[PDB]
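Have a look at the structure below before the remarks.
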Amino acid sequence: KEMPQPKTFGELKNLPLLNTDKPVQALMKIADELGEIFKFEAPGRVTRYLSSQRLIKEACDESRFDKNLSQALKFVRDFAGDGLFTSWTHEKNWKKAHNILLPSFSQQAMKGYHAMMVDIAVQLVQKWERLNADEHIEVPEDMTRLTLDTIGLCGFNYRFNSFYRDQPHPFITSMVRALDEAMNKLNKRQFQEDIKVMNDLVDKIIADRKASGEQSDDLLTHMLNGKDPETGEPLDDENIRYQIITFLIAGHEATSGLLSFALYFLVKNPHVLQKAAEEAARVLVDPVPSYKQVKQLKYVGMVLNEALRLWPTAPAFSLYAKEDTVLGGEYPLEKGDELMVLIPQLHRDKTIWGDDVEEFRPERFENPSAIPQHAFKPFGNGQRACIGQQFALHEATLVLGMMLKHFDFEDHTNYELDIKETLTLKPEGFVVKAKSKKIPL
Ligand code: HEM
């Protein structure tokens, strides 16, 4: 009835406990010790971290709780503005952009993005085909080049050409710098300059596109042509800019993390790699994968969901109570009280997944309808769930399928998993060697 709480440090309350490079991983250990709910205080602030499916299912009831803008999201809003990710559900622009963009992110819409995804995926595979025998792959680095360039191409038909450079395109440098600064706040001169670099490029492309009248298969065309069904209003140019920034900010790192963790688990589990590779060989019979082929990569899809189970790459989200309510029959909350969903702990709930939760077993996802509601939430919840979920999974399934078709992989360093935390998670320093199977591409 009384909620556990970890060590306090006087006026600093619990804050010193997150004085670490790996706060989510620290929080998982606190959850291991304290159980399914604990209080966590800082000077300004109180939240309650939830870890069990029993309480998280209640937290996911949208009549009772809505998305909160956590401090991290408030700092990100300095450059992501009122784009979808950093808006309250009640802001007019959240609803407008959500209504306009939702069908442009459906599974069906992936058919329209597929050619541009393949363009970047082929660039990645060709890079690896072109390595000499003495060389190796920097996995999260190459995965981030791929996802950034894919979201730039599908997002606004802009080529960052990340596979042509050691130093990233200057927009990328400013975006990555801007993100780091917002996370570190949890400089100012550089922050403003980096914001300006982002707005300038994105505003220019928007202005260029409106001028030429060109129609493309990208999200920018959808946003220039879209009208909110409720009001009949379009998004204005400022908000369109924030959405483009948001697709890059929200999408690039979580998706490259997922591809990196999935390859990690595959090289650490050779039997699973071989089963995934046999499927990729059977299904991807053409030098350029089709949309329909990617959809037949069922076990690759299971591999990706099981990677998201263990290390969901956007690991926590924040909610507030809409009205006074009692959580789990035991914990009274007041209107506005905050909850944090700790997704890696949720995904380790032994009452749902059985005792073997640390084991990498894609077969858990063989029958998606036996996973209970709200047991598996790597893309968040309800109407504030990831709008990019189909995009991320189509991209990851395509790319992983191709990697497994085209190369054998060696964990040549016997890499020890080290999870770096930013807004997202990734296996820092993960490296492999890939030997080409010499299959046409
Ligand atoms: C595997 C990769 C990804 C993961 C694990 C992921 C995860 C998430 C999660 C957990 C949220 C909810 C945030 C919260 O409740 O505060 C979210 C929201 C969002 N994501 Fe993703 N994401 C991924 C990829 C992407 C991609 C590629 C894009 C864009 C193309 C994207 C765009 C967005 C947007 C715009 C939102 C806000 C949606 C709204 O609230 O209306 N994400 N994502």
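Letters for chains follow the order of the structure tokens (A, B, ...), residue numbers begin at 1 for each chain, and ligand numbers begin at 1 in the order shown.
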- Message: Just list as a PyMOL selection string whatever in stretch 185-347 of chain A DSSP marks as helix (DSSP H, G or I).
- Response: chain A and resi 188-212+219-225+237-268+270-283+291-295+298-310+343-346
For the selection just defined, write its residues with C-alpha atoms to a file, as a CSV table (one decimal), in the first residue's frame.
```
chain,number,residue,atom,x,y,z
A,188,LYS,CA,24.1,27.5,-25.2
A,189,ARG,CA,25.8,29.4,-28.0
A,190,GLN,CA,26.5,26.1,-29.9
A,191,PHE,CA,22.9,24.9,-29.1
A,192,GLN,CA,21.4,27.9,-30.8
A,193,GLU,CA,23.7,27.6,-33.8
A,194,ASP,CA,22.8,23.9,-34.2
A,195,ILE,CA,19.1,24.7,-34.0
A,196,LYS,CA,19.7,27.3,-36.7
A,197,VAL,CA,21.6,24.8,-38.9
A,198,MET,CA,18.6,22.5,-38.7
A,199,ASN,CA,15.9,25.0,-39.3
A,200,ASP,CA,17.8,26.6,-42.2
A,201,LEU,CA,18.2,23.4,-44.2
A,202,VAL,CA,14.8,22.1,-43.5
A,203,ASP,CA,13.1,25.5,-44.1
A,204,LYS,CA,15.0,25.8,-47.5
A,205,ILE,CA,13.9,22.4,-48.7
A,206,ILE,CA,10.3,23.2,-47.8
A,207,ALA,CA,10.5,26.6,-49.6
A,208,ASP,CA,12.3,24.9,-52.6
A,209,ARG,CA,9.6,22.2,-52.9
A,210,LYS,CA,6.6,24.6,-52.7
A,211,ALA,CA,8.2,26.7,-55.5
A,212,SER,CA,8.9,23.8,-57.9
A,219,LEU,CA,6.4,12.6,-46.3
A,220,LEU,CA,7.0,16.2,-47.2
A,221,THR,CA,4.7,15.9,-50.3
A,222,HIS,CA,2.0,14.2,-48.1
A,223,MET,CA,2.4,17.2,-45.7
A,224,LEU,CA,2.2,19.9,-48.3
A,225,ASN,CA,-0.9,18.2,-49.8
A,237,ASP,CA,5.4,25.5,-42.9
A,238,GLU,CA,6.8,25.9,-39.4
A,239,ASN,CA,5.1,22.8,-38.1
A,240,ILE,CA,6.1,20.8,-41.2
A,241,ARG,CA,9.7,21.7,-40.4
A,242,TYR,CA,9.2,20.5,-36.8
A,243,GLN,CA,7.8,17.2,-38.1
A,244,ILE,CA,10.7,16.6,-40.4
A,245,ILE,CA,13.2,17.3,-37.6
A,246,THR,CA,11.1,15.0,-35.4
A,247,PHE,CA,11.1,12.1,-37.9
A,248,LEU,CA,14.9,12.3,-37.9
A,249,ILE,CA,15.3,12.9,-34.1
A,250,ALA,CA,12.7,10.2,-33.1
A,251,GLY,CA,13.4,7.6,-35.7
A,252,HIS,CA,17.1,7.4,-36.7
A,253,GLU,CA,18.7,6.2,-33.4
A,254,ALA,CA,16.0,3.9,-32.1
A,255,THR,CA,15.9,2.1,-35.5
A,256,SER,CA,19.7,1.9,-35.9
A,257,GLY,CA,19.8,0.6,-32.3
A,258,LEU,CA,17.3,-2.1,-33.1
A,259,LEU,CA,19.3,-3.3,-36.1
A,260,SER,CA,22.5,-3.3,-34.0
A,261,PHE,CA,21.0,-5.3,-31.1
A,262,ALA,CA,19.4,-7.8,-33.5
A,263,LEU,CA,22.8,-8.5,-35.3
A,264,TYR,CA,24.4,-8.7,-31.9
A,265,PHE,CA,21.9,-11.4,-30.7
A,266,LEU,CA,22.2,-13.2,-34.1
A,267,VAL,CA,26.0,-13.5,-33.8
A,268,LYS,CA,25.7,-14.5,-30.1
A,270,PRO,CA,24.5,-19.0,-34.3
A,271,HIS,CA,21.5,-21.4,-34.5
A,272,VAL,CA,19.1,-18.5,-34.6
A,273,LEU,CA,21.3,-16.7,-37.2
A,274,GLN,CA,21.3,-19.8,-39.4
A,275,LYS,CA,17.5,-20.2,-39.3
A,276,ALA,CA,17.1,-16.4,-40.1
A,277,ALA,CA,19.7,-16.8,-42.9
A,278,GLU,CA,17.9,-19.8,-44.4
A,279,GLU,CA,14.6,-17.8,-44.5
A,280,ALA,CA,16.4,-14.8,-46.2
A,281,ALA,CA,18.0,-17.1,-48.8
A,282,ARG,CA,14.6,-18.8,-49.5
A,283,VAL,CA,12.6,-15.6,-49.7
A,291,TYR,CA,7.9,-5.1,-50.8
A,292,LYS,CA,6.1,-8.4,-50.9
A,293,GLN,CA,9.3,-10.4,-50.2
A,294,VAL,CA,10.0,-8.3,-47.1
A,295,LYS,CA,6.5,-9.2,-45.8
A,298,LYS,CA,8.5,-13.8,-40.9
A,299,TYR,CA,11.3,-15.2,-38.7
A,300,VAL,CA,13.4,-12.1,-39.4
A,301,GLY,CA,10.4,-10.2,-38.0
A,302,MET,CA,10.4,-12.5,-34.9
A,303,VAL,CA,14.2,-11.9,-34.5
A,304,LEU,CA,13.5,-8.1,-34.4
A,305,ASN,CA,10.6,-8.3,-31.9
A,306,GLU,CA,12.7,-10.5,-29.6
A,307,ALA,CA,15.6,-7.9,-29.9
A,308,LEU,CA,13.0,-5.2,-28.9
A,309,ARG,CA,11.8,-7.4,-26.1
A,310,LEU,CA,15.2,-7.6,-24.5
A,343,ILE,CA,9.9,-1.1,-20.9
A,344,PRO,CA,13.0,-3.4,-20.5
A,345,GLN,CA,11.6,-4.5,-17.1
A,346,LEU,CA,8.1,-5.0,-18.4
```
message = Give me the residues near residue A:415 as a ChimeraX atom specification, where near means some atom within 9 Å (using only C-alpha atoms) and where sequence neighbours in that chain fewer than 2 positions away do not count.
response = /A:264,411-413,417-418,429-432
Q.
What does the list of residues within 7 Å of ligand 1 look like if you count only C-alpha atoms and all ligand atoms, written as a PyMOL selection string?
A. chain A and resi 67+84-85+94+98+151+246-248+250-252+254-255+258+312-318+378-381+383-389+391-393
Limited to C-alpha atoms, could you put the picked residues into a file as a PDB file, in the first residue's frame?
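Done, and the output landed in again.pdb:
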```pdb
ATOM      1  CA  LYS A  67       1.229  10.965 -22.402  1.00  0.00           C
ATOM      2  CA  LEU A  84       4.219  14.921 -32.901  1.00  0.00           C
ATOM      3  CA  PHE A  85       6.740  13.564 -30.450  1.00  0.00           C
ATOM      4  CA  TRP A  94      -0.812  17.283 -32.178  1.00  0.00           C
ATOM      5  CA  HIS A  98      -1.628  13.019 -36.242  1.00  0.00           C
ATOM      6  CA  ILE A 151      14.562   8.928 -43.179  1.00  0.00           C
ATOM      7  CA  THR A 246      11.069  15.028 -35.407  1.00  0.00           C
ATOM      8  CA  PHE A 247      11.133  12.080 -37.850  1.00  0.00           C
ATOM      9  CA  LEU A 248      14.912  12.318 -37.867  1.00  0.00           C
ATOM     10  CA  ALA A 250      12.697  10.210 -33.063  1.00  0.00           C
ATOM     11  CA  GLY A 251      13.411   7.637 -35.731  1.00  0.00           C
ATOM     12  CA  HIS A 252      17.109   7.426 -36.656  1.00  0.00           C
ATOM     13  CA  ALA A 254      15.971   3.899 -32.107  1.00  0.00           C
ATOM     14  CA  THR A 255      15.851   2.099 -35.493  1.00  0.00           C
ATOM     15  CA  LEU A 258      17.306  -2.145 -33.063  1.00  0.00           C
ATOM     16  CA  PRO A 312      13.608  -1.827 -26.485  1.00  0.00           C
ATOM     17  CA  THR A 313      15.645   1.006 -27.874  1.00  0.00           C
ATOM     18  CA  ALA A 314      13.430   3.870 -26.618  1.00  0.00           C
ATOM     19  CA  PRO A 315      13.225   2.292 -23.222  1.00  0.00           C
ATOM     20  CA  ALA A 316      10.914   4.486 -21.120  1.00  0.00           C
ATOM     21  CA  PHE A 317       7.873   6.681 -21.565  1.00  0.00           C
ATOM     22  CA  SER A 318       6.039   9.003 -19.245  1.00  0.00           C
ATOM     23  CA  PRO A 378       8.534  -1.252 -27.562  1.00  0.00           C
ATOM     24  CA  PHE A 379       6.525   1.342 -29.576  1.00  0.00           C
ATOM     25  CA  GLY A 380       4.694   2.936 -26.628  1.00  0.00           C
ATOM     26  CA  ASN A 381       0.952   3.089 -26.158  1.00  0.00           C
ATOM     27  CA  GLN A 383      -2.818   7.086 -29.864  1.00  0.00           C
ATOM     28  CA  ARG A 384       0.595   8.336 -28.603  1.00  0.00           C
ATOM     29  CA  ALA A 385       2.321   5.117 -29.786  1.00  0.00           C
ATOM     30  CA  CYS A 386       5.138   5.380 -32.327  1.00  0.00           C
ATOM     31  CA  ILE A 387       3.718   6.655 -35.592  1.00  0.00           C
ATOM     32  CA  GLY A 388       6.843   5.287 -37.302  1.00  0.00           C
ATOM     33  CA  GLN A 389       6.416   1.670 -36.093  1.00  0.00           C
ATOM     34  CA  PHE A 391       8.362   2.342 -41.155  1.00  0.00           C
ATOM     35  CA  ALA A 392      10.961   1.164 -38.580  1.00  0.00           C
ATOM     36  CA  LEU A 393      10.030  -2.512 -38.922  1.00  0.00           C
TER      37      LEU A 393
END
```
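Within 7 Å of stretch 50-64 of chain A, once only C-alpha atoms are used and residues closer than 4 positions along the same chain are dropped, the contacting residues are residues 31, 36, 37, 321, 322, 323, 327, 328, 340, 341, 342, 345, 346, 349, 374, 375 and 381 of chain A.
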Take the residues from that selection and write them out as a short mmCIF file (atom, residue, chain, number, x, y, z; two decimals), in the first residue's frame, keeping C-alpha atoms.
```cif
data_model
loop_
_atom_site.label_atom_id
_atom_site.label_comp_id
_atom_site.auth_asym_id
_atom_site.auth_seq_id
_atom_site.Cartn_x
_atom_site.Cartn_y
_atom_site.Cartn_z
CA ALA A 31 13.34 -2.35 -10.13
CA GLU A 36 6.90 -3.63 -9.78
CA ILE A 37 6.51 0.02 -8.57
CA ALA A 321 -3.07 10.72 -14.35
CA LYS A 322 -6.00 12.47 -16.02
CA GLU A 323 -8.06 12.34 -12.83
CA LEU A 327 -3.54 2.12 -9.51
CA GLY A 328 -3.70 -1.68 -9.04
CA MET A 340 7.12 6.09 -15.97
CA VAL A 341 6.85 2.82 -17.89
CA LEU A 342 10.14 0.96 -17.69
CA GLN A 345 11.56 -4.47 -17.10
CA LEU A 346 8.09 -4.96 -18.45
CA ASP A 349 7.93 -9.88 -16.43
CA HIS A 374 0.11 -4.47 -23.02
CA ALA A 375 2.78 -7.11 -22.34
CA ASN A 381 0.95 3.09 -26.16
#
```
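Atom to atom, atom CA of residue A:404 and atom CA of residue A:420 stand 25.4 Å apart.
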Practice prompt. For atom CA of residue A:117 and atom CA of residue A:397, quote the distance in Å rounded to one decimal.
Written response: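 We find that atom CA of residue A:117 and atom CA of residue A:397 lie 11.0 Å from each other.
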Counting only C-alpha atoms, what are the residues of stretch 41-146 of chain A within 8 Å of stretch 1-13 of chain A, and for each of them which pair of atoms is the nearest and at what distance in Å, to one decimal? Sort the table by chain and rising number, as a Markdown table.
```
| residue | atom | partner | partner_atom | distance |
| --- | --- | --- | --- | --- |
| A:41 | CA | A:13 | CA | 5.6 |
| A:42 | CA | A:13 | CA | 5.3 |
| A:43 | CA | A:12 | CA | 5.9 |
```
Preceding selection exported with N, CA and C atoms as a PDB file, in the first residue's frame:
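Below is the file out.pdb, written as the result:
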```pdb
ATOM      1  N   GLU A  41      12.147  10.481  -6.573  1.00  0.00           N
ATOM      2  CA  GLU A  41      12.067  11.928  -6.394  1.00  0.00           C
ATOM      3  C   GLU A  41      13.365  12.629  -6.749  1.00  0.00           C
ATOM      4  N   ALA A  42      13.213  13.843  -7.256  1.00  0.00           N
ATOM      5  CA  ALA A  42      14.290  14.760  -7.488  1.00  0.00           C
ATOM      6  C   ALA A  42      13.788  16.022  -6.790  1.00  0.00           C
ATOM      7  N   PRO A  43      14.640  17.044  -6.646  1.00  0.00           N
ATOM      8  CA  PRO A  43      14.182  18.327  -6.079  1.00  0.00           C
ATOM      9  C   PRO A  43      12.817  18.835  -6.646  1.00  0.00           C
TER      10      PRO A  43
END
```
* Find the residue from A:66, A:32, A:21, A:366 that sits nearest to residue A:338; use only C-alpha atoms when measuring. =>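 Going through A:66, A:32, A:21, A:366 one by one, the smallest distance to residue A:338 is for A:66.
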*Any chance you could list, as a PyMOL selection string, the residues in stretch 164-360 of chain A that come up strand (DSSP E or B) when DSSP is run on the backbone?*
chain A and resi 316-321+325-327+331-333+338-342
